[PDB]
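> Sequence first, structure after, both from an experimental entry:
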Amino acid sequence: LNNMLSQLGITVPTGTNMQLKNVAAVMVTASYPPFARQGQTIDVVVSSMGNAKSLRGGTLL
Amino acid sequence: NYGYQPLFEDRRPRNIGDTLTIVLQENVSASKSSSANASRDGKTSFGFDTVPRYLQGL
């Protein structure tokens, strides 16, 4: 999250308190199809990877 | 326009001209030693203080 914020233009000081609740770290997996052309779309699977309770209404960045 | 830049990946240097911090912490220490010694003593003696008569010839 700090990497993303820094990339966007906001530098959070280091060694500071930060406890979020609406964010989860996920692994995304997909299947590259045959003869795939750039611009097309595929379906992805999103899976939690640490101590999260649910991904009910989330959005993948 | 700069190229594609990831979002969650750490800021690592990737091309010519990027900067990177080095933390110089060097600490080397080597040593060696050896020795050797030797010794030898000797002391012999013999003395006939009072010789009997029948041995005076020897």
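Yep, it's here. Numbering: from 1, shown residues only, chains lettered A, B, ... in the order given.
> mind checking the SS state of the closest residue to chain A within chain B?
Taking Cβ to the nearest Cβ, chain A has its nearest neighbour within chain B at residue B:7, 5.0 Å off. Any C-beta I mention is one placed from the backbone N, CA and C, and that applies to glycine too. Per DSSP: H, G, I helix; E, B strand; the rest coil, the secondary structure class of residue B:7 is coil.
> was I right about it contacting residue A:2?
No. Using Cβ atoms under 8 Å, residue B:7 makes no contact with residue A:2, being 11.5 Å away.
> before we move on, the earlier item: what about the residue nearest to the residue of chain B closest to chain A when sequence neighbours are not counted, how many neighbours?
Leaving aside its sequence neighbours, residue B:7 sits nearest to residue A:4 (Cβ to Cβ, 6 or more residues apart in numbering or on different chains; 5.0 Å). When counting by other Cβ atoms under 10 Å in any protein chain shown, one arrives at 13 neighbours for residue A:4.
> Residue B:7 and residue A:2: which is more packed in?
The residue with more neighbours, out of residue B:7 and residue A:2, is residue A:2; 15 against 11, by other Cβ under 10 Å.
> Got phi/psi on that one?
Per-residue torsions, residue A:2: phi -60, psi -40 (degrees, to the nearest 10).
> need the residues of chain A near chain B, please.
A:3-4, A:6-7, A:61 (Cβ under 8 Å from any Cβ of the partner chain).
> Select from these every entry located in helices.
With helices taken from DSSP state H, the overlap with the residues of chain A next to chain B comprises A:3-4, A:6-7.
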